[PDB]
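Every letter in the sequence shown is one number past the one before it in the deposited numbering, and letter 375, counting from 1, is 375.
Backbone N, C-alpha and C define an ideal beta-carbon position, used for all residues, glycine too.
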Amino acid sequence: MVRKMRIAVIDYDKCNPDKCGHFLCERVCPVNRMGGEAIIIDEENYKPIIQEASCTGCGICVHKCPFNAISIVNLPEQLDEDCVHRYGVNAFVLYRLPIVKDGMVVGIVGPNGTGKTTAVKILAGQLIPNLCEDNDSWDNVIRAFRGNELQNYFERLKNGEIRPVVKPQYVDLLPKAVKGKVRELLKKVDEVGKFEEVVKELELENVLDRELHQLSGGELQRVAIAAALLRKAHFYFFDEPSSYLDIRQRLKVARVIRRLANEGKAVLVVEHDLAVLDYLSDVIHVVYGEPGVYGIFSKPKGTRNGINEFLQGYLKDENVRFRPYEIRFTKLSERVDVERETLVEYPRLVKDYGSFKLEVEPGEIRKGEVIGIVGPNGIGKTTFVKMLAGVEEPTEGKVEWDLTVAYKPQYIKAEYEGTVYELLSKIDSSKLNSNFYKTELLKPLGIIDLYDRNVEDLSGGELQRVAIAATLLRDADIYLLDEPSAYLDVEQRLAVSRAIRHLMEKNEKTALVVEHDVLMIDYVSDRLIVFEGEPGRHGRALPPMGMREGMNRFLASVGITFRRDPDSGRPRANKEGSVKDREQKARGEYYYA
Ligand code: SF4
Ligand code: SF4
Numbered sequence: 001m002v003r004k005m006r007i008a009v010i011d012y013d014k015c016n017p018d019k020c021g022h023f024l025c026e027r028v029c030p031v032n033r034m035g036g037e038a039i040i041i042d043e044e045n046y047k048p049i050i051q052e053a054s055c056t057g058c059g060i061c062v063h064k065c066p067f068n069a070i071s072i073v074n075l076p077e078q079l080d081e082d083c084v085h086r087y088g089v090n091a092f093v094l095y096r097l098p099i100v101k102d103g104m105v106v107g108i109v110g111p112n113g114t115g116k117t118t119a120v121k122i123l124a125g126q127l128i129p130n131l132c133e134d135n136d137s138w139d140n141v142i143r144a145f146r147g148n149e150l151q152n153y154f155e156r157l158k159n160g161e162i163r164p165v166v167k168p169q170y171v172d173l174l175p176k177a178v179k180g181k182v183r184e185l186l187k188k189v190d191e192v193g194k195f196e197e198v199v200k201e202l203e204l205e206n207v208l209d210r211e212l213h214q215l216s217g218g219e220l221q222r223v224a225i226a227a228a229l230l231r232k233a234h235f236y237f238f239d240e241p242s243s244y245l246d247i248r249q250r251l252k253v254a255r256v257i258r259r260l261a262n263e264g265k266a267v268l269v270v271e272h273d274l275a276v277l278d279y280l281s282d283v284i285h286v287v288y289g290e291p292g293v294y295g296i297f298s299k300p301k302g303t304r305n306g307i308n309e310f311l312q313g314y315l316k317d318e319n320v321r322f323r324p325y326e327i328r329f330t331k332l333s334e335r336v337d338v339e340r341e342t343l344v345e346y347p348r349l350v351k352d353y354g355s356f357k358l359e360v361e362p363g364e365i366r367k368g369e370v371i372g373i374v375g376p377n378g379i380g381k382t383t384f385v386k387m388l389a390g391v392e393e394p395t396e397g398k399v400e401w402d403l404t405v406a407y408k409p410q411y412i413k414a415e416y417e418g419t420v421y422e423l424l425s426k427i428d429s430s431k432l433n434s435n436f437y438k439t440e441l442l443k444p445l446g447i448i449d450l451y452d453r454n455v456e457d458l459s460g461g462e463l464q465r466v467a468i469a470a471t472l473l474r475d476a477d478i479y480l481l482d483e484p485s486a487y488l489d490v491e492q493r494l495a496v497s498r499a500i501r502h503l504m505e506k507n508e509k510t511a512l513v514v515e516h517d518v519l520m521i522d523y524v525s526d527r528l529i530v531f532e533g534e535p536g537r538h539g540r541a542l543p544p545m546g547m548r549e550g551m552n553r554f555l556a557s558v559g560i561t562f563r564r565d566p567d568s569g570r571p572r573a574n575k576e577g578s579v580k581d582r583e584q585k586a587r588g589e590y591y592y593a
């Protein structure tokens, strides 16, 4: 086998055409000698340029450079030969692997279906690498990764003195597979003798009484986090633990997972929220490719640089573009925030089931804006949303008016016979066929390619995108999405953000997006509803307020302050106990866009 790209980098800060004659390059260059364009002259910025499309990689120019402003490398037997696994010809292929490490938290960021999960099975002893050949042994794996830390992994893995435990990419499998209580389960799975510490730090002592099927999202997720650590294993691989956790939970779970590094145990993590990712990890991997054709894991990076580079879409270590535009964000000074017309107003409501109490203070709904809902789970974010939605009748007050409400529920389960196209089509055929919904909603969330399978025959992340798109293609005055964040990746999360923002702004309509992922809030929100009280008991919904004034108000009850990163612009979470943490909290401004 073979395969090879040439990559040329010239440290211009070291080049000086006038000192080496006249671009010693083009002169000494064999290809240019025979009438070729390996090295071209930028007779303006006065620099030399190597057109890697030519350069034989002979390296003559490199040896000649009177300084050493030239490097030419052949990505041979390293990027093409590395090839790890092929599922048979005309089928998915993996290149490279994430490099897990002891005593450290190895991060992963990169869109779904790029064989994140392919690598897990590989590492779990349950799939032998063929190295895109025909192999069915460990030994060729151990050799191929010679010069690297993963050889040592495959040697232990085969002796079988390590076995990694894996928190699966979809959960909601344990309730329909394991019956009885969270109390029970957590005794059973116990083998680590750390039962006390776990259940307490992740605050599942109230959550023991309920049965698995009676859990809400945040709780079910965390109970999996618990049961994975109580199984005995050195290596713990968490695939998407950000699903359905609220803002308060996800920051607290991050601390729990981070404390593992100190115990010297190896954590491998997928996260799709940059603030949570920054905080946990110590290494970071970027994974690039178009889903379902190939995936390649990049070289290990230090968390901060790795994230910067993801945002830029350009790899300077690997020389790969993988997205033709940059990840970007919206402050509050990059907008027009001007007042708009009142759609409706709601008085004081108060709903008591008699197993939770909510009071909603008097509030205004404006037209043409996007209101983010924030707070910890079971604080009746959902109780409010459901009162306008019509599935719950307020005990007192009125919200149920002649606005039509479009409602995306918290769980997703399908009950629909027929295709993705049937399901959408009966709502508004018309919308499907117009160019806007095609630029902003349907096309970048993959739905054009999804019309051929049934709704029941769609998987969690595709089906999520399908629910979301469905709710926004309903004909309504006001759009209600309860927690769409679940099972979306970074790119998806962002695409849904740009779609919500454009569609709502253009037709001047209201939407409520209950939200907990920092980035979506950071882009989309015009106004905020902060929830407080003590969850599972009482909640007090405070009236709508400005985006900044809201995230300020709320962040102060979490102890956790947010900056603006200076490298390429993203929400920077600041470590509890830091300079910035201390300066923000002292000065009553607990947040910056
Ligand atoms: S070799 Fe490339 S870098 Fe060294 S001087 Fe000539 S042009 Fe500038
Ligand atoms: S061989 Fe080395 S120098 Fe000659 S072209 Fe290819 S890269 Fe540039």
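Under 9 Å between the Cβ atoms of residue i and residue j?
i: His272; j: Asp517; result: yes
i: residue 595; j: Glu369; result: Lying before the first or after the last residue shown, residue 595 is absent from the chain, which here runs from 1 to 593.
i: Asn74; j: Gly57; result: yes
i: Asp80; j: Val9; result: no
i: residue 605; j: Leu512; result: An answer regarding residue 605 cannot be provided, because it is not within the stretch 1 to 593 covered by the chain.
i: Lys408; j: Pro324; result: no
i: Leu215; j: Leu260; result: no
i: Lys179; j: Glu211; result: yes
i: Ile373; j: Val514; result: yes
i: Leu542; j: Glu532; result: yes
i: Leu268; j: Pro164; result: yes
i: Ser525; j: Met547; result: yes
i: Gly446; j: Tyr288; result: no
i: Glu396; j: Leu442; result: no
i: residue 595; j: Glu133; result: This structure leaves residue 595 out entirely; the chain is present only between 1 and 593.
i: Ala414; j: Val385; result: no
i: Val283; j: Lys101; result: yes
i: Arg304; j: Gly313; result: no
i: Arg570; j: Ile307; result: yes
i: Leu519; j: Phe329; result: yes
i: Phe238; j: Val199; result: no
i: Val558; j: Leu251; result: yes
i: residue 633; j: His213; result: The displayed coordinates of the chain run from 1 to 593. Any statement about residue 633 would go beyond what the structure contains.
i: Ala499; j: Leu472; result: yes
Here's the rule I'm using: 16 or more other beta-carbon atoms within 10 Å means buried, otherwise exposed. How should residue i be labelled?
i: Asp246; result: buried
i: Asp489; result: buried
i: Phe554; result: buried
i: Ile448; result: exposed
i: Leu123; result: buried
i: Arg156; result: exposed
i: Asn552; result: buried
i: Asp11; result: exposed
i: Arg255; result: exposed
i: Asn574; result: buried
i: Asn377; result: buried
i: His85; result: buried
i: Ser497; result: buried
i: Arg222; result: buried
Return the CA-CA distance between residue i and residue j, expressed in angstroms with no decimal places.
i: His538; j: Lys181; result: 25 Å
i: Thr439; j: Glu339; result: 28 Å
i: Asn507; j: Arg501; result: 11 Å
i: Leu358; j: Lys381; result: 9 Å
i: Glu219; j: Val62; result: 59 Å
i: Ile327; j: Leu311; result: 5 Å
i: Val336; j: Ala476; result: 25 Å
i: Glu589; j: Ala470; result: 38 Å
i: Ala593; j: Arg563; result: 8 Å
i: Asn435; j: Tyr451; result: 17 Å
i: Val93; j: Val420; result: 28 Å
i: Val120; j: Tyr95; result: 14 Å
i: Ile521; j: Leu494; result: 10 Å
i: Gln126; j: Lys316; result: 34 Å
i: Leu174; j: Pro566; result: 43 Å
Any heavy atom of ligand 3 closer than 8 Å to the Cβ of residue i?
i: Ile72; result: Ligands present in the displayed structure are limited to ligand 1 and ligand 2, and ligand 3 is not among them.
Just checking, does the region 351-365 make contact with the region 199-207 on the three C-beta pairs under 8 Å criterion?
-> No: fewer than three Cβ pairs fall under 8 Å.
Are at least three pairs of beta-carbons, each pair with one atom in the region 7-25 and one in the region 67-78, less than 8 Å apart?
-> The region 7-25 vs the region 67-78: in contact.
What residues does ligand 1 have around it, judged by CB closer than 6 Å to any heavy atom, in chain order?
-> With the criterion CB distance below 6 Å from any heavy atom of ligand 1, the matching residues run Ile10, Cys15, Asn16, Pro17, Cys20, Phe23, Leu24, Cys25, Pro48, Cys65, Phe67, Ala69 and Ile70 along the chain.
Given 8 Å, three or more beta-carbon pairs between the region 108-120 and the region 289-299 = Flag = yes, the region 108-120 and the region 289-299 touch.
Can at least three beta-carbon pairs, one atom from the region 19-26 and one from the region 102-111, be found at a separation below 8 Å?
-> No: the two stretches stay apart, fewer than three of their Cβ pairs being nearer than 8 Å.
Between the region 275-283 and the region 77-93, do at least 3 Cβ pairs fall closer than 8 Å?
-> With contact defined as three or more Cβ pairs closer than 8 Å, the region 275-283 and the region 77-93 are not in contact.
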